[PDB]
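Residue numbers (the working numbering), protein chains in the order written: chain A, 1 to 398; chain B, 1001 to 1397. We put the beta carbon where it would ideally sit given N, CA and C, even for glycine. As C-alpha cells, the structure follows; a few thoughts come after it.
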Ligand SMILES: Cc1cc2nc3c(=O)[nH]c(=O)nc-3n(C[C@H](O)[C@H](O)[C@H](O)COP(=O)(O)OP(=O)(O)OC[C@H]3O[C@@H](n4cnc5c(N)ncnc54)[C@H](O)[C@@H]3O)c2cc1C
Ligand SMILES: Cc1cc2nc3c(=O)[nH]c(=O)nc-3n(C[C@H](O)[C@H](O)[C@H](O)COP(=O)(O)OP(=O)(O)OC[C@H]3O[C@@H](n4cnc5c(N)ncnc54)[C@H](O)[C@@H]3O)c2cc1C
Ligand SMILES: [Cl-]
Ligand SMILES: [Cl-]
Ligand SMILES: [Cl-]
Ligand SMILES: [Cl-]
Ligand SMILES: [Cl-]
C-alpha cells in the first residue's frame, strides 16, 4: 500500500514514546508510534514507581495526571537503613519543599495509552522488524511488517524510544557512538504483592547479607527487592525464600510487622550503568533506555527518560513553531548533561548500599562504610542525597 | 642505672613532641627518644596547613606564641577545574572555622625549643630503640648511644615514630590489620623564596595532572605536581618544574607566577593507610606510625594531633582519676576520626588527580561528574569545606 505520512516517527510505546507523542500531539506536531509488542504485553511490565517532580510536571502538561494525582501518593521522605538503624531523609525539609510521587510506571503507561486512544493519534502495535532509513537524508522513514505486509512511514524526524534492546541505537553506523559502561556483579530480585506496605515510605536497606528495598505502588500494593548474584534465576527463588531473606535483611521490629503474600509478579533485573555519546545521529534521536541505563538504586531510570523527552519535546516545538531546525543539535548536549548527573548519583547510591563481596578490595569496603557514616550523619551529606533523590532541575532551552 | 618515667615516647617529630609537651604540663613525666639528630628532624619540609583543633592544642601546650605571630589565617581555599575557579569561603560555609598556614618545620622547631626550656628529657641519636614487655605492668625501652646500652622503665609507651618506626613492628604477628590504597603517583614539591601566586591555596585539576599552589609564608611558596611513581627528583630540573606547573594552570594564572630557584625539592609517594587497632597492651600508636593519608586533604599532621589529643586526655584521667578503663578507648576514639580524615583525603585525591590507565573509562567519567557536582552544588561545597577545616574532637569523658 501507500506510505503513511507524519512529522515525528516514534519507535517504542513505552513511557518515553507515549509521553513524547502525547506532548507533541497536544502541541500540534503529528506523530506515529510503532511498538514491537502487544498493548497487553507492554502493560504487563512491572518496573519503576518513583516519579520526580519534573516527570510529574511533564505528565500534568501532557494532560494525563488526573489519575496520578488521585491514586498516586506524594512521599515527603525516604529511609536509609545501615547497621540496623533507621535514618529518615525528610526530602521536603532538606530540599525546602520538594517531594517525590509514588505511582506505578504501569499506571503511567496505562494513562498515556488511554489518553492517546482518546486523541486518535495513530499508534501501531505488534509491528515486526521496525527499521529506520535515510537518517542523514532529508526524508527519513520507517519500514515494518504487520498482517503479512511491509508498511512504510515517511517523517521528518525519528525518536528512538525503543529501550535497552531497541533497534534505534543499533541502526547508527560504527564509530559514531561511544559507550561508557559499568556492569555490577548483582541484580535485583523483585516481588510485587497484593499486601500492605511495611512502611508508608521507601526503606533502602544495607545489610551484611546484602541490599534490600521495601517499596510499594499503593496502599494495597507492595514491591520488595533483594540484591542477588548474577547467576541466580527466578526459578531458584520461591515466594517463601524471598520473604525469609527479606526478613533476614531487616531489623526484627520491621520483620514482625511485614505482611507477606503471593507474588503477582516476580523477576530479576541485572544492574548496569550505561551511557552512549552522542544520543543522536542525523534525524534520529535516542531517548530513555535506548540511550542510557542506570541501576535503580537512585530511582532515576524513568526520570531520565522523562528529561530526555523534555528536551527533545521543547526543541521540536521550536523547530516547527519557530522554524529552528538546527536547534536539534543541542539535544544530546542538554540530555547528556542531566544524564551524567543522574548516572553519577545512581552509581553513588549503588556503591553505598550494596554488598560487592570479593568484587571490591578491603580499601573500597572501608570507604563504603565511611561514606555510610558521613552521608547519614552530616547534615550536608543528607542534603547531598536528598537534593539528588528528588531530581536535579531541567535546564531551559535557548 | 635505668632511667625511670611514666610515659616513654618513641619519636621526636610533631606527634612525640606535642604529646610530651602536653603530658609534661599536666605533671605526667615522659622521656622522648629519637633515632635522628635534632638538626636532621628540623631539616624536614612537610605540612603547612593546621586545623583549629591542632591550633587549639598547641595553644593548650603553651607553644603557640611564634605561630600566633608568624602563622597566617586562611578564610578560604580555591579548587580549580577546567579554567573555572571555585573559591570555598571556609568561614562562611562552616560557621566561622578557618585554617592556619604555618610550616610543620616551624611547629617542630617551636616544640623543640619549649622542651629544651622545660628540661623534660629528650635523647637524640638513640639507635636500635626497642620496646619490651608490652602487656606487662613494667614495659620498657632499650637503645644504644655513646657505645652503651641504656634502658627506660615506664608505665606506657607512645609509638610516635612515623611510617618507618619500630613500634608498629614490635606488636605480635597478626594483631594488627593493615588497610591500604597505594596511588599510582607521588607529589613533586618545590619550596621557593618567591611570592605565592595567590594568597590562598589553589588545588588545580588539569588534563595533564594535579597541581597545588601553596605556601609557607608571604615570602615563601610551596608548589606541588603529581608525578608517576617511576620519576626521580633528579629528572626534574627547576626549569622543567616551573614550565609544567604553568602548563597545569589557566594561562591567566600562569602569566603572573613568579618563579625562582628551589630551596627544597623532593618527591613524596601518595598512600592511604590505616592500621587497626592502634594499640597493644601498654603500647599506643600515634600519628604516622598508625596511619598515612595522601596530603590532598591536608589531614596528616592534623590526624596526628587528634591521636595525641585522645591519648593525652586519656592519660590525664588515668593518672589523676584512676580511669584505667579509658585506655581501651584510645583506638576506638582515634580510629573514628582517622577514618573520617582518610575518607576525605581519598575523596579529594580521587576528585583532583589524573589516574592515567589506573582507572577505567567509567571511573574517569564519575571523577568528571564528581567535579561538576561537588563544585557547583551549595551542599557539595559545604561538604568539602566542613571536611577541610577538620571535624570536631569528641570528648573523652
Ligand atoms: C527490566 C527492567 C526493570 C526495571 N526495574 C526498575 C525498578 O525496579 N525501579 C526503577 O526505578 N526503574 C526500573 N527500570 C527503569 C525504568 O523502568 C526504565 O528506565 C523505563 O522503562 C524507560 O522507559 P523507556 O520508554 O525509555 O523504555 P521501555 O520502558 O523499555 O520502553 C521501550 C519500548 O520500546 C519497545 N521496543 C523495543 N524494541 C523495539 C523495536 N525494535 N521496534 C519497536 N518497538 C520496540 C519495547 O517493547 C518497549 O515497549 C527498569 C527497567 C527495565 C528494562
Ligand atoms: C615524606 C613525607 C612528606 C609529607 N608531605 C606532606 C605535605 O606535603 N603536606 C601535608 O599536609 N602533609 C605531609 N606529610 C604528612 C605529615 O607531615 C605527617 O602526617 C606528620 O609528619 C606526622 O608526624 P609524626 O610525628 O606522626 O611522624 P614523623 O613526622 O615521621 O615523626 C616520626 C619521628 O620518629 C623518628 N623515628 C622513626 N623510627 C624510629 C626509631 N626506631 N627509634 C627512634 N625514633 C624513630 C623519626 O626520625 C621521626 O623524627 C608528609 C609525610 C611524610 C612522611
Ligand atoms: Cl509498575
Ligand atoms: Cl551524593
Ligand atoms: Cl538528578
Ligand atoms: Cl539550547
Ligand atoms: Cl576530619
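Could you tell me which residues DSSP puts in a beta bridge with residue 90 of chain A?
-> Within the first chain, the letter at position 90 stands for residue 90 of chain A. The partner list for residue 90 of chain A (beta bridge, DSSP) reads A:77.
Boundaries of the alpha helix (DSSP H) in which residue 1346 of chain B is found, first to last residue = As a first step, residue 1346 of chain B is located in the second chain; it is residue number 346 there, counting from the start. First-last of the alpha helix (DSSP H) with residue 1346 of chain B: 1330–1352.
DSSP-derived helix/strand/coil call for residue 273 of chain A | Taking the first residue of the first chain as position 1, residue 273 of chain A is located at position 273. Strand at residue 273 of chain A.
Buried or exposed: which applies to residue 1386 of chain B, given that a residue is buried once 16 or more other Cβ atoms fall within 10 Å of its Cβ?
-> Residue 1386 of chain B sits at position 386 when you count from the first residue of the second chain. The residue in question, residue 1386 of chain B, is buried, as its Cβ has 16 or more Cβ neighbours within 10 Å.
Backbone secondary structure at residue 363 of chain A - three-state DSSP = In the first chain, the residue the question calls residue 363 of chain A occupies position 363. Reduced to three states, the DSSP call for residue 363 of chain A is helix.
Which of the three DSSP states, helix, strand or coil, is assigned to residue 259 of chain A?
-> As a working note, residue 259 of chain A is residue 259 in the first chain. DSSP places residue 259 of chain A in coil when its eight states are reduced to three.
Range of the contiguous alpha helix (DSSP H) that encloses residue 1018 of chain B | Translated into the one-based positions of the second chain, residue 1018 of chain B becomes position 18. Taken as a continuous stretch (DSSP letters only), the alpha helix (DSSP H) holding residue 1018 of chain B covers 1014–1025.
Extent of the continuous beta strand (DSSP E) run through residue 154 of chain A = For the purposes of this step, residue 154 of chain A is taken as residue 154 along the first chain, with counting starting at 1. Note, residue 154 of chain A: beta strand (DSSP E), 149–154.
Compile a chain-ordered list of the residues in the segment 273–286 of chain A whose CB is closer than 8 angstroms to at least one CB of chain B.
-> 273, 275
Do we get a CB-CB distance below 7 angstroms when we pair residue 360 of chain A with the residues of chain B?
-> In the first chain, counting from the first residue as 1, residue 360 of chain A sits at position 360. It does not: the Cβ of residue 360 of chain A has no partner Cβ on chain B nearer than 7 angstroms.
Tell me residue 1309 of chain B's beta-bridge partners as DSSP assigns them.
-> Indexing the second chain from 1 puts residue 1309 of chain B at position 309. DSSP output for residue 1309 of chain B lists no bridge partner at all.
Keeping to the same chain, check which residues put their C-beta closer than 6 angstroms to that of residue 334 of chain A; ignore five residues upstream and five downstream.
-> Your numbering for residue 334 of chain A matches position 334 in the first chain. Cβ within range, chain order: 311.
For residue 1296 of chain B, does the count of other Cβ atoms within 10 angstroms reach 16, so buried, or fall short, so exposed?
-> If you number the second chain from 1, residue 1296 of chain B lands on position 296. So residue 1296 of chain B ends up on the buried side.
Whole-angstrom distance between residue 1340 of chain B and residue 1240 of chain B, CA atom to CA atom | In the second chain, the residue the question calls residue 1240 of chain B occupies position 240. In the second chain, the residue the question calls residue 1340 of chain B occupies position 340. The straight-line gap from Cα to Cα measures roughly 36 angstroms.
Any non-hydrogen atom of ligand 7 closer than 6 angstroms to residue 381 of chain A Cβ | Taking the first chain and counting its residues from 1, the one referred to as residue 381 of chain A is at position 381. Every heavy atom of ligand 7 is 6 angstroms or more from the Cβ of residue 381 of chain A, so no.
Beta-carbon proximity check, residue 87 of chain A vs residue 376 of chain A, cutoff 7 angstroms = The count along the first chain starts at 1 and reaches residue 87 of chain A at position 87. The count along the first chain starts at 1 and reaches residue 376 of chain A at position 376. Cβ atoms of residue 87 of chain A and residue 376 of chain A: closer than 7 angstroms.
Any C-beta of chain B under 7 angstroms from that of residue 380 of chain A | On the first chain, position 380 is the one that residue 380 of chain A refers to. Yes, contact with chain B.
Examine ligand 5 and report whether any of its heavy atoms sits within less than 6 angstroms of the Cβ of residue 342 of chain A.
-> In the first chain, residue 342 of chain A corresponds to position 342, counting from 1. Because some heavy atom of ligand 5 lies under 6 angstroms away, the Cβ of residue 342 of chain A counts as near it: yes.
Would you tell me roughly how many angstroms separate the C-alpha atoms of residue 1353 of chain B and residue 1268 of chain B, rounded to the nearest one?
-> As a working mapping, residue 1353 of chain B is identified with position 353 in the second chain. As a working mapping, residue 1268 of chain B is identified with position 268 in the second chain. Those two C-alpha atoms are separated by around 15 angstroms.
With a floor of 3 residues, list each beta strand (DSSP E) that falls wholly inside the segment 151–224 of chain A, ordered by position along the chain.
-> 157–160, 178–193, 203–207, 210–216
So is the beta-carbon of residue 1301 of chain B under 6 angstroms away from any non-hydrogen atom of ligand 2?
-> The count along the second chain starts at 1 and reaches residue 1301 of chain B at position 301. Within the cutoff, so yes.
Check the Cβ-Cβ distances between residue 383 of chain A and every residue of chain B, and say whether any is below 7 angstroms.
-> Sequence index remark: in the first chain, residue 383 of chain A carries index 383 (1-based). So yes, residue 383 of chain A belongs to the interface.
Residue 1369 of chain B CB to nearest chain A CB: under 7 angstroms?
-> Residue mapping note: residue 1369 of chain B aligns to position 369 of the second chain, counting from 1. Cβ-Cβ to chain A under 7 angstroms: yes for residue 1369 of chain B.
Could you tell me whether any non-hydrogen atom of ligand 1 is closer than 6 angstroms to the CB of residue 14 of chain A?
-> Your numbering for residue 14 of chain A matches position 14 in the first chain. The answer is yes for residue 14 of chain A.
For residue 243 of chain A and chain B, any beta-carbon pair shorter than 7 angstroms?
-> The residue labelled residue 243 of chain A in the question sits at position 243 within the first chain. So, not an interface residue.
Determine the contact status of residue 210 of chain A and residue 231 of chain A, defining contact as a CB-CB distance below 7 angstroms.
-> As a position in the first chain, residue 210 of chain A is number 210, starting the count at 1. As a position in the first chain, residue 231 of chain A is number 231, starting the count at 1. Contact flag unset, no.
Please report the residue range of the beta strand (DSSP E) in which residue 141 of chain A lies.
-> Here residue 141 of chain A is taken as the residue at index 141 of the first chain, counted from 1. Run containing residue 141 of chain A: 141–146, per the beta strand (DSSP E) assignment.
What is the chain-ordered set of residues for which the beta carbon lies under 7 angstroms from any non-hydrogen atom of ligand 3?
-> A:46, A:47, A:48, A:49, A:104, A:105, A:106, A:107, A:217
heavy atom of ligand 6 below 6 angstroms from residue 397 of chain A C-beta = As a working mapping, residue 397 of chain A is identified with position 397 in the first chain. For ligand 6, at least one heavy atom lies less than 6 angstroms from the Cβ of residue 397 of chain A.
With DSSP as the reference, label residue 1058 of chain B as helix, strand or coil.
-> Locating residue 1058 of chain B in the second chain gives position 58, where the first residue counts as 1. Residue state, collapsed to three classes: helix.
Comparing alpha-carbon positions, which option in B:1216, B:1116, B:1039 lies nearest residue 1406 of chain B?
-> Since the displayed chain B opens at 1001 and closes at 1397, residue 1406 of chain B lies outside it and no answer follows.
Report back the beta-carbon spacing between residue 1157 of chain B and residue 1283 of chain B to the nearest angstrom; my notes put them in contact at under 8 angstroms.
-> Taking the second chain and counting its residues from 1, the one referred to as residue 1157 of chain B is at position 157. Taking the second chain and counting its residues from 1, the one referred to as residue 1283 of chain B is at position 283. Right, their Cβ atoms sit about 5 angstroms apart.
Looking at C-alpha atoms only, which residue of A:18, A:379, A:25 is the closest neighbour of residue 476 of chain A?
-> With chain A covering 1 to 398 only, the question about residue 476 of chain A has no answer from this structure.
Which residues of chain A have a Cβ atom closer than 7 angstroms to the Cβ of residue 1366 of chain B, listed in chain order?
-> Along the second chain, read from residue 1 onward, the residue named residue 1366 of chain B stands at position 366. Chain A residues near residue 1366 of chain B: 344, 347.
Residues near residue 251 of chain A by beta carbon distance below 6 angstroms, same chain, minus five either side | Taking the first residue of the first chain as position 1, residue 251 of chain A is located at position 251. Cβ neighbours of residue 251 of chain A beyond the five flanking positions: 84.
Please confirm if residue 1179 of chain B has its CB atom under 7 angstroms from at least one CB of chain A.
-> Stepping through the second chain from its first residue, residue 1179 of chain B is reached at position 179. Closer than 7 angstroms: yes.
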